[PDB]
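Peer 1: Please find one structure pasted underneath; my questions will follow.
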Amino acid sequence: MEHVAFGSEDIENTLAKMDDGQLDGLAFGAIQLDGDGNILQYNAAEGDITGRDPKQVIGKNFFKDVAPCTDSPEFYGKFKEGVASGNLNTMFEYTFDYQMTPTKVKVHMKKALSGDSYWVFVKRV
Ligand SMILES: *C(=O)/C=C/c1ccc(O)cc1
């Protein structure tokens, strides 16, 4: 395992050192998005939660293509305000229900330490 707790205050500094292989050792799902919502990184734990194959969703748009259930003011709306503002740090519960059994999760969205990238972290509840 990589030992990093979900919700940790300095998580963006810790994850700045990991490559795709290290990200697969986290105890929670991790997605890195660009400012348009395209998927740059997608770890093994996220694929275990949602059924998606990580290598197949990299490059797709999360809000348009992969996760239309998140295209709502409650999820995408928060993301886009964060990108526009250049700051984002929010945690909320959500249900993922597209082409899968409805699954309740906790989501943490946080701006990355690098400029135009954003993390989405997911764990079951
Ligand atoms: C709603 O459409 C949610 C879909 C979804 C969430 C998270 C993922 O990693 C993949 C699909």
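By order of appearance in the structure tokens: chains A, B, ..., then residues from 1 within every chain, and ligands from 1 in the order shown.
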As a PDB file with C-alpha atoms, in the first residue's frame, please: every protein or nucleic acid residue near ligand 1 (cut-off 9 Å, counting only C-alpha atoms and all ligand atoms).

Peer 2:
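Resulting contents of pocket-v4.pdb:
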ATOM      1  CA  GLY A  29     -10.031   6.045  -5.804  1.00  0.00           C
ATOM      2  CA  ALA A  30      -8.091   8.857  -7.450  1.00  0.00           C
ATOM      3  CA  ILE A  31      -8.780  10.632 -10.709  1.00  0.00           C
ATOM      4  CA  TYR A  42      -7.285   7.070 -13.090  1.00  0.00           C
ATOM      5  CA  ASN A  43      -6.208   4.509 -10.471  1.00  0.00           C
ATOM      6  CA  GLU A  46     -11.353   3.777  -8.665  1.00  0.00           C
ATOM      7  CA  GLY A  47     -11.793   1.036 -11.295  1.00  0.00           C
ATOM      8  CA  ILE A  49     -15.403   0.914  -7.248  1.00  0.00           C
ATOM      9  CA  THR A  50     -16.921   1.756 -10.645  1.00  0.00           C
ATOM     10  CA  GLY A  51     -16.063  -1.096 -13.007  1.00  0.00           C
ATOM     11  CA  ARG A  52     -14.224   1.134 -15.500  1.00  0.00           C
ATOM     12  CA  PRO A  54      -8.379   2.636 -16.066  1.00  0.00           C
ATOM     13  CA  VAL A  57     -10.950   6.040 -19.730  1.00  0.00           C
ATOM     14  CA  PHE A  62     -15.344  12.777 -17.276  1.00  0.00           C
ATOM     15  CA  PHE A  63     -18.469  14.963 -17.370  1.00  0.00           C
ATOM     16  CA  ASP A  65     -18.534  10.823 -21.693  1.00  0.00           C
ATOM     17  CA  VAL A  66     -17.711   8.742 -18.603  1.00  0.00           C
ATOM     18  CA  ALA A  67     -19.830  10.085 -15.754  1.00  0.00           C
ATOM     19  CA  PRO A  68     -22.967  11.917 -17.022  1.00  0.00           C
ATOM     20  CA  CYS A  69     -24.556  11.445 -13.574  1.00  0.00           C
ATOM     21  CA  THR A  70     -22.040  14.023 -12.307  1.00  0.00           C
ATOM     22  CA  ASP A  71     -23.093  16.607 -14.893  1.00  0.00           C
ATOM     23  CA  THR A  95     -24.363   8.375  -5.760  1.00  0.00           C
ATOM     24  CA  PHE A  96     -22.795   6.954  -8.912  1.00  0.00           C
ATOM     25  CA  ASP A  97     -25.484   5.216 -11.006  1.00  0.00           C
ATOM     26  CA  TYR A  98     -24.562   5.228 -14.704  1.00  0.00           C
ATOM     27  CA  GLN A  99     -24.397   1.731 -16.244  1.00  0.00           C
ATOM     28  CA  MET A 100     -23.652   0.323 -12.781  1.00  0.00           C
ATOM     29  CA  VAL A 120     -11.180  13.742  -7.542  1.00  0.00           C
ATOM     30  CA  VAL A 122     -13.492   8.656  -3.964  1.00  0.00           C
TER      31      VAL A 122
END

Peer 1: List the spatial neighbours of stretch 81-91 of chain A as number ranges by chain - criterion: any atom at most 9 Å away, only C-alpha atoms, same-chain residues fewer than 3 positions off excluded.

Peer 2: A: 7, 35-36, 76-78, 106-111, 115-118

Peer 1: Could you tell me which of A:15, A:27, A:33, A:113 comes closest to residue A:48 if we count only C-alpha atoms?

Peer 2: A:27

Peer 1: Identify, with DSSP run on backbone atoms, the residues in stretch 45-123 of chain A assigned to strand (DSSP E or B), and express the list as number ranges by chain.

Peer 2: A: 61, 89-96, 103-111, 117-123

Peer 1: Hey, what's within 10 Å of residue A:59 if we count only C-alpha atoms and toss same-chain stuff fewer than 6 positions away? As a JSON list (two decimals) with C-alpha atoms, in the first residue's frame, please?

Peer 2:
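Done, and the output landed in selection-v3.json:
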[["chain", "number", "residue", "atom", "x", "y", "z"],
["A", 33, "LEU", "CA", -8.61, 15.91, -14.40],
["A", 34, "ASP", "CA", -7.46, 18.85, -16.51],
["A", 37, "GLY", "CA", -12.62, 17.65, -17.23],
["A", 38, "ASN", "CA", -10.51, 15.32, -19.38],
["A", 39, "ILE", "CA", -9.06, 12.35, -17.46],
["A", 40, "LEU", "CA", -5.26, 12.41, -17.11],
["A", 41, "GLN", "CA", -4.87, 9.67, -14.46]]

Peer 1: Would you mind reading off the distance between atom CA of residue A:79 and atom CA of residue A:114, one decimal, in Å?

Peer 2: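 For atom CA of residue A:79 relative to atom CA of residue A:114, the distance reads 16.3 Å.
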
Peer 1: Near residue A:28, within 9 Å and counting only C-alpha atoms, which residues show up once chain neighbours fewer than 3 positions away are dropped, as a PDB file with N, CA, C and O atoms, in the first residue's frame?

Peer 2:
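Full text of result_5.pdb as output:
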ATOM      1  N   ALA A   5      -3.895   8.991   3.863  1.00  0.00           N
ATOM      2  CA  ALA A   5      -5.307   8.893   4.280  1.00  0.00           C
ATOM      3  C   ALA A   5      -6.169   9.803   3.421  1.00  0.00           C
ATOM      4  O   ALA A   5      -5.828  10.966   3.130  1.00  0.00           O
ATOM      5  N   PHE A   6      -7.360   9.316   3.089  1.00  0.00           N
ATOM      6  CA  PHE A   6      -8.373  10.141   2.419  1.00  0.00           C
ATOM      7  C   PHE A   6      -8.649  11.382   3.249  1.00  0.00           C
ATOM      8  O   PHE A   6      -8.894  11.305   4.453  1.00  0.00           O
ATOM      9  N   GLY A  25      -1.445   2.105  -5.752  1.00  0.00           N
ATOM     10  CA  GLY A  25      -1.324   1.575  -4.413  1.00  0.00           C
ATOM     11  C   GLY A  25      -2.144   2.322  -3.355  1.00  0.00           C
ATOM     12  O   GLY A  25      -2.056   2.009  -2.185  1.00  0.00           O
ATOM     13  N   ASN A  43      -6.900   5.612 -11.142  1.00  0.00           N
ATOM     14  CA  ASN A  43      -6.208   4.509 -10.471  1.00  0.00           C
ATOM     15  C   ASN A  43      -7.044   3.253 -10.377  1.00  0.00           C
ATOM     16  O   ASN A  43      -8.217   3.180 -10.647  1.00  0.00           O
ATOM     17  N   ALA A  44      -6.338   2.187  -9.905  1.00  0.00           N
ATOM     18  CA  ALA A  44      -6.937   0.875  -9.831  1.00  0.00           C
ATOM     19  C   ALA A  44      -8.060   0.851  -8.833  1.00  0.00           C
ATOM     20  O   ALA A  44      -9.084   0.200  -9.063  1.00  0.00           O
ATOM     21  N   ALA A  45      -7.938   1.539  -7.677  1.00  0.00           N
ATOM     22  CA  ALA A  45      -8.997   1.507  -6.692  1.00  0.00           C
ATOM     23  C   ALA A  45     -10.265   2.133  -7.253  1.00  0.00           C
ATOM     24  O   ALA A  45     -11.385   1.654  -6.935  1.00  0.00           O
ATOM     25  N   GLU A  46     -10.155   3.174  -8.090  1.00  0.00           N
ATOM     26  CA  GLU A  46     -11.353   3.777  -8.665  1.00  0.00           C
ATOM     27  C   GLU A  46     -12.007   2.747  -9.591  1.00  0.00           C
ATOM     28  O   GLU A  46     -13.236   2.595  -9.604  1.00  0.00           O
ATOM     29  N   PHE A 121     -11.091  12.427  -5.517  1.00  0.00           N
ATOM     30  CA  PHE A 121     -10.838  11.260  -4.665  1.00  0.00           C
ATOM     31  C   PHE A 121     -12.157  10.676  -4.223  1.00  0.00           C
ATOM     32  O   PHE A 121     -13.091  11.425  -3.926  1.00  0.00           O
ATOM     33  N   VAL A 122     -12.226   9.368  -4.182  1.00  0.00           N
ATOM     34  CA  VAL A 122     -13.492   8.656  -3.964  1.00  0.00           C
ATOM     35  C   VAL A 122     -13.277   7.513  -2.995  1.00  0.00           C
ATOM     36  O   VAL A 122     -12.343   6.707  -3.149  1.00  0.00           O
ATOM     37  N   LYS A 123     -14.193   7.356  -2.027  1.00  0.00           N
ATOM     38  CA  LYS A 123     -14.200   6.157  -1.210  1.00  0.00           C
ATOM     39  C   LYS A 123     -15.657   5.760  -0.955  1.00  0.00           C
ATOM     40  O   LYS A 123     -16.577   6.571  -1.007  1.00  0.00           O
ATOM     41  N   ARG A 124     -15.858   4.483  -0.675  1.00  0.00           N
ATOM     42  CA  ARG A 124     -17.188   4.000  -0.353  1.00  0.00           C
ATOM     43  C   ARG A 124     -17.641   4.463   1.012  1.00  0.00           C
ATOM     44  O   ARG A 124     -16.825   4.626   1.900  1.00  0.00           O
TER      45      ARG A 124
END

Peer 1: Could you pull the residues within 12 Å of residue A:14, counting only C-alpha atoms, minus those fewer than 4 positions along the same chain, as a PyMOL selection string?

Peer 2: chain A and resi 2-10+18-19+22-23+26+112-113
